[PDB]
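Notes for the structure review
Here is what each chain is made of, one letter per residue.
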Amino acid sequence: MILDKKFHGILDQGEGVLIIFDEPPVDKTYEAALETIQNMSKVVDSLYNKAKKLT
Amino acid sequence: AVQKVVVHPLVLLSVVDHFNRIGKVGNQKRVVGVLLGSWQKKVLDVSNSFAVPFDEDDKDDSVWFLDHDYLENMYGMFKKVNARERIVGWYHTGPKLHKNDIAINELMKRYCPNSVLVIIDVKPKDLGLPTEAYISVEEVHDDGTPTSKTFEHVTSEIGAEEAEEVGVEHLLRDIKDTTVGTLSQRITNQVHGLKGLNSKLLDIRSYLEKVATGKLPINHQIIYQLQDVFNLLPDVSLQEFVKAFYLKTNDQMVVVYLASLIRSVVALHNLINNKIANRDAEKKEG
Amino acid sequence: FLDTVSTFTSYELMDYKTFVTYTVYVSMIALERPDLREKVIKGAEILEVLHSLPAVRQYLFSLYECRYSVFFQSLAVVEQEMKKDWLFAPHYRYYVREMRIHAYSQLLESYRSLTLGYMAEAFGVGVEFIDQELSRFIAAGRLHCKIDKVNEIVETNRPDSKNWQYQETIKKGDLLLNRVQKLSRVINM
Amino acid sequence: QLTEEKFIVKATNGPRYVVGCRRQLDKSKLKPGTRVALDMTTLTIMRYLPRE
Amino acid sequence: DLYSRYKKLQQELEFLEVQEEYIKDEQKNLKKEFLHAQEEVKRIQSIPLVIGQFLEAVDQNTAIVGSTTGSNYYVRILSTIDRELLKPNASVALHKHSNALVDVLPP
Amino acid sequence: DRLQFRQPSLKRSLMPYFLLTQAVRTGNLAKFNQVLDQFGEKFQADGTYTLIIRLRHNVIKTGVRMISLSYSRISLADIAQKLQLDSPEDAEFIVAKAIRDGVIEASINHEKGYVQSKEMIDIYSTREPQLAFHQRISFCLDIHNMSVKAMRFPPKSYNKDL
Amino acid sequence: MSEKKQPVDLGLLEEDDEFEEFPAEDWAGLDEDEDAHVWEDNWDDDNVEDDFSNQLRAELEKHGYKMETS
């Protein structure tokens, strides 16, 4: 049920330790990375216009 | 009782009138004007005022000259034209609180209600706020000293209602508005250390003078809370705040990728038009 | 294969049960537990055709149940079945290794530290093989952070969420950096 | 009510306007279904108008 | 001429030099003026206003507007608003005094 | 290797080089020493055998660098036999020659004679990050902002004629 | 210049004149299994493939014999 991610935890066999933690700021790297990937086609399509117009 | 006051710039412009209607005599004392305002709400709101011929003596501080008939006539005609504002308090334009000001204050503590005092400046060379609201209250002291009228600062803001903004903004054409971005942020970020610098340096030097050369209860007790709160920042070790600098530095990295990426998007129309306009106007020029 | 509700015995190309038999590989390797629980463990289409062969039900339920001692005992049939096939042959090296690292990531995801005893009991294999396995899966497989044997115990760190969630984008930052160097190569010529 | 501060009003005489919110009152009575009272200057709201 | 072209030309070097800080002064001042007039035409647009209704756009950037009173008014629309808000049956909203449109309202 | 670029010129260029460049990583001494010179025609006819002759004893250094990518403790039979290097001295000695590099992280310890290493390849994620990508921020913003200069000045070179 | 590409390409024509379509067809024996398959995957598959082309290629058939012996 950690593998189905119903809650926060991770187990141990040598030590038997449970650790509970979370990551709240999920929406930063999403919008950042998607802004990079959407700007990829801007720069590459720009290079298609310029590679068109020069050579 | 009262947390804050609101003073409109009209009355301070009438203190410009206080320095206009002098007539060059050589006196230029702390000319008292009869402050009017709204004590009605818990906040105090100054709308307008007028002034009264006030004279002290050269040597004696405790000789002071006011008028009840001028107060009741100017306030009477003013209440006849506008009864939505009443008497509230007063002000002297001198930089210094005299000993007499408890007695000068006491006349408007009697006939008006609990009156507010405002210290302002004859020459507006102070970078700080010229207006300080001093509540006229008697407070019981822990040392056992007998109770006297004590002027505690009530915090103040200077706001204009509607048309005072328009007229002032039309008269200036020199000030710039809010204008967030580089300039109005970065100018506060230029002079801001000078603004706490002249405050602190203006205070602790003559304060330090009153340390060794001072007596007569300077509120010696508030030095303990003063220095106490000053020693509530004992040069933090930053060890927990390291990760806070990872946080603001990672937000900084977000501003890096936004600045780099978005400016690089602005490069598009530039690095298209630079070729396609020039070479086509060139090749159809001939 | 999401049209397998509508797919049928197609003697022009391919039998329907062979269509199931070929789509059980791409589902069985290429999809995770939200993917399998989403599509097929939810789906009744495999619930119909699981009664055809009892092996396939083992390769879904024991794999999903993460029982390596039986799954490797039965995985030889996936190996010998995996070769000798027309369109399915040349990738038989890839499905094996990819399925091994996907299984080791399946166990190793929910587990921070791991003894080699419960691991060797879990896989039903000697410690000598899982020694060279995950050593090849640090560089070669590239699953997780460095594993240590000072205590002879599998210990990962995996700081792959907080800062690495931001530093997945420095690759595209450098690729966009060289691509705007290419934009600088457009300049004046 | 489009902005939670600033919404559409309907006058008795017929012309429609949009107004602001006064700093004293809050959004309790300001929910729609409430007939209100307005001023000629700034179109402010002093209080509402209970129907009868 | 020939050796005089040097020191004759140096004055043209200086005169072209003096245009540098001048164009710096213009480029720093007139954008401040641009946000002056930009914010000043922004603060004309105030939220208390009258709502009309749009009827027809007879040419570009100038149109007619049916008022709430039913009388039709002829207003040159404001330039910042694009052609999406030129929808013929729309919930347009002019000013109460300026009677130029800030925004149209969703039905 | 050749990963993202597909052209059959570099392909034929590395058609001799492929067996040896895959023979880098496994790093078998006696075999691959024969393999290089064995079909060595043009890469060893390319002149004076310099960086391949450095390669011939760089084999065990890159292989022991893969050992650094593997576990910490060094055995006297398993990994010493695996590195084809069977002595107590040369194990710690040449591992110590990887230690004097500084490219690795290792802990020279003798408690019973076995040699440890902490082998910490922990990245700077929650390990001094501000100072770490501090320089990344400064350098990267300088590159992006001189690119901002590179989109300022060529539009000056656009509007110059008109 | 790109005219120094010319003697390097004379070297390339000597490389293509070493074996004439012997490596294109014979290496096309591997390319016909490898064409249109993404060759970033063929570097991993070629990596572990050439790693196990020497020994223990399939080897999952042997682990069932490694159970009782190890």
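In short, a report on the structure. (Residues numbered from 1 in each chain as written, not as in the entry; some residues may be left out. Chains lettered and ligands numbered in written order. Part of a larger assembly, values for the part shown. Heavy atoms only, no water.)

**Quick word on the overall build of chain C**
Counting its secondary structure elements, chain C contains 10 helices and 2 strands. Traced from its N-terminal end to its C-terminal end, chain C shows the element sequence α-α-α-α-α-α-β-α-α-β-α-α. For chain C, the C-alpha radius of gyration of 21 Å lies well beyond 16 Å, the compact-globule estimate for 189 residues. Expressed as lengths along the three principal axes of its C-alpha atoms, the size of chain C is roughly 60 × 55 × 30 Å. For chain C, the computed accessible surface area is about 10900 Å², with 57% contributed by carbon and sulfur atoms. Here chain C contributes 24 positively and 24 negatively charged side chains, and the mean placements of these two sets differ by 6 Å. (Helix = DSSP H or I, 4+ residues; strand = E, 2+ residues; numbered from the N terminus. Rg over C-alpha atoms; globule rule 2.2 N^0.38 Å. Areas by Shrake-Rupley, 256 points an atom, 1.4 Å probe, with all protein chains shown as cover. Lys, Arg positive; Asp, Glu negative; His and termini not counted. Charge placed at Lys NZ, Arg CZ, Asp CG, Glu CD.)

**Focus: the pattern of salt bridges**
A full pass over the atoms with the stated rule returns 19 salt bridges over all chains. Between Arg136(F) and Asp174(C) there is a salt bridge, and its shortest N-O distance comes to 2.2 Å. Taken together, the positions of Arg136(F) in helix α9 (residues 134–159) and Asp174(C) in helix α10 (residues 170–186) put the pair across two chains. By relative accessible area, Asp174(C) is classed as partly exposed at 33%. Through salt bridges with shared partners, a single network forms among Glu109(C), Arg158(C) and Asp160(C). (Salt bridge = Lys/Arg side-chain N within 4 Å of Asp/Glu carboxyl O. Buried < 20%, exposed > 50% of the residue type's maximum accessible area, 1.4 Å probe, protein only.)

**What about helix α1 (residues 5–16) of chain G?**
For α1(G), spanning 12 residues, the distance from its first C-alpha to its last is 16 Å, which sits close to the expected 16 Å at 1.5 Å a residue. Here α1(G) lies mainly on the outside; 0 of its 12 residues are buried. (Expected span 1.5 Å × (residues − 1).)

**Observations concerning the interface of chain E and chain D**
Contacts between the two partners involve 8 residues from chain E and, on the opposite side, 10 residues from chain D. Summed over both partners, the interface of chain E with chain D buries about 810 Å², with 80% contributed by carbon and sulfur atoms. It is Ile47(E), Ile51(E) and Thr68(E) in chain E that bury the most area against chain D; as a group they hold 47% of the surface buried on that side. Viewed at the interface, chain D and chain E are joined by 0 salt bridges. Partitioning the side of chain E that touches chain D into residue classes produces 7 nonpolar, 1 polar and no charged. Pairing between strand β2 (residues 16–18) of chain D and strand β1 (residues 49–50) of chain E: 2 bridges, direction antiparallel. By the bridge assignment, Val18(D) is partnered in β1(E) with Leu49(E). (Contact = heavy atoms within 4.5 Å. Buried area = accessible area lost by both parts, 1.4 Å probe. Nonpolar A, V, L, I, M, F, W, Y, C, P; charged D, E, K, R; others polar. Pairing = 2+ DSSP bridges.)

**Remarks on the side chain of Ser107(F)**
Residues and elements named next belong to chain F. Among the structural elements, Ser-107 can be located in the loop between α7 (88–99) and α8 (129–132). Within the local environment of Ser-107, its side chain forms a polar contact with the side chain of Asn-109, the two groups lying 2.4 Å apart. With residues up to four places along the chain from it excluded, the contact list for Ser-107 reads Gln-116, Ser-117 and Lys-118. (Polar contact = N/O pair within 3.5 Å; in protein donor to acceptor, adjacent residues only side chain to side chain.)

**Observations regarding the arrangement of the chains**
If you rank the 10 pairs of chains in contact by how many contacts each has, first place goes to chains A and C. With no contact between them, chain A and chain D keep their nearest C-alpha atoms 26 Å apart. Where chain C comes nearest to chain E, the C-alpha atoms are still 24 Å apart, and the two do not contact one another.

**Here we look at the packing of aromatic side chains**
Per the counting criterion, the structure on display carries 17 aromatic pairs over all chains. On the numbers, 4.3 Å between centres and 45° between planes, the contact of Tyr25(C) with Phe88(C) is tilted. Of the two residues, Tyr25(C) is situated in helix α1 (residues 16–30) and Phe88(C) in the loop between α5 (68–82) and α6 (92–109); the sequence distance between them amounts to 63 residues. Judged on exposure class, the residue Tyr25(C) and its partner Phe88(C) are both buried. On the numbers, 6.1 Å between centres and 45° between planes, the contact of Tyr124(F) with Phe133(F) is tilted. The class for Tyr124(F) is partly exposed, based on a relative accessible area of 27%. (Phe/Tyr/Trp six-rings, centres within 6.5 Å; stacked < 30°, edge-to-face > 60°.)

**Structural notes on the sheet that holds strand β2 (residues 53–59) of chain E**
All names here are of chain E. The sheet built from 3 strands is open, its strands ordered β2-β3-β4 with antiparallel pairing. Taken across any chain shown, the strands that pair with only one partner, and hence form the sheet edges, are β2 and β4 (72–76). Here the average twist between neighbouring strands, direction ignored, is 25°. Judged from the 4 bridges that link them, β2 and strand β3 (residues 62–66) form a sheet pairing that is antiparallel. Directly across from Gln-53, in β3, lies its bridge partner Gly-66. (Axes fitted to C-alpha atoms, helices over the stretch in contact; angles between N-to-C directions.)

**What to know about the interface of chain A and chain C**
Taken together, the contacts link 25 residues of chain A with 21 residues of chain C. For the pair chain A and chain C, the summed buried area comes to about 2400 Å², and 65% of that belongs to carbon and sulfur atoms. When the area that chain A buries against chain C is broken down by residue, the three leading residues are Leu3(A), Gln13(A) and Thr29(A), summing to 26%. Summed over the shared surface of chain A and chain C, the number is 2 salt bridges. Of the charged contacts, one joins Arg112(C) and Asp12(A) as a salt bridge, the two residues approaching to 4.0 Å between their closest N and O atoms. There are 8 residue pairs in polar contact connecting chain A and chain C. Top contributing element to the side of chain A that touches chain C by residue count: helix α1 (residues 27–54) of chain A, with 9 residues. For the side of chain A that touches chain C, the per-class residue count stands at 16 nonpolar, 3 polar and 6 charged. With 2 bridges joining them, strand β1 (residues 11–12) of chain A and strand β1 (residues 111–115) of chain C adopt parallel strand pairing. Across the sheet, residue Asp12(A) finds its bridge partner in β1(C), namely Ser113(C).

Spatial relationships are all this shows, so hold off on functional conclusions.
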